[PDB]
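Asker: Counted the way the entry's author numbering counts, the sequence shown spans residues 21 to 125.
Just so you know, even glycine gets a beta-carbon here, dropped at the ideal spot from N, CA and C.
Attaching a single structure in C-alpha cells format; questions to follow.
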Amino acid sequence: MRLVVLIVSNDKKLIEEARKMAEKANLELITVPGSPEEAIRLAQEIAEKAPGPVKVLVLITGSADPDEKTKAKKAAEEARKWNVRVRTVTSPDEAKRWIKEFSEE
Numbered sequence: 021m022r023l024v025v026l027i028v029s030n031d032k033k034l035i036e037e038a039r040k041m042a043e044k045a046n047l048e049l050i051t052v053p054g055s056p057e058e059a060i061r062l063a064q065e066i067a068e069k070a071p072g073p074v075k076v077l078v079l080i081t082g083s084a085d086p087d088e089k090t091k092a093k094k095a096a097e098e099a100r101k102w103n104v105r106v107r108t109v110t111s112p113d114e115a116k117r118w119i120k121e122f123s124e125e
C-alpha cells in the first residue's frame, strides 16, 4: 500500500511542510510545476506503474485559471478511476492537514 502525494506549486515553506509530512509518514511526495495537467498525467503514470494498490493525492495551490481549472476538472474525472483525489490548498496548514488525513487516518 503505497501512498503518493503530488503537489502543484512552486513555494518554499509550503513544499517544506508538505514533504516533511510525507517523509515522516513514508508517503511518496513529488513536487510538480504549477500546472495541474502535469500532476495528474504523472499520477496516472505513478498509479499505472505501481505494484499493487496505491492512493494518490494531488494538491493544487492557490487560484486556478479557467483553463487550468478546466484541465483539473477533466483530469480529476479521469484520475478518480486511478484512485487519485485532487484537493486545493492555499496555506501549508491546509496541505499538511489534507496529507495528514490522507496518510493513515
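Can you tell me which of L47, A59, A42 puts its alpha carbon nearest to the alpha carbon of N30?
Answerer: Closest by alpha carbon: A59.
Asker: Mapping the DSSP letters down to three states, classify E68 as helix, strand or coil.
Answerer: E68: helix per DSSP, three-state reduction.
Asker: Candidates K89, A95, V104: which alpha carbon is nearest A70's?
Answerer: Closest option to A70, Cα to Cα, is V104.
Asker: Pop quiz: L23 and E48 are said to be a contact at Cβ under 8 Å. What is the actual Cβ separation, rounded to whole angstroms?
Answerer: The pair is a contact, with the Cβ atoms about 7 Å apart (cut-off 8 Å).
Asker: Please confirm whether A92 and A84 have their CB atoms less than 7 Å apart.
Answerer: Contact: yes.
Asker: Taking DSSP as the reference, what is the three-state secondary structure of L62?
Answerer: Three-state result, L62: helix.
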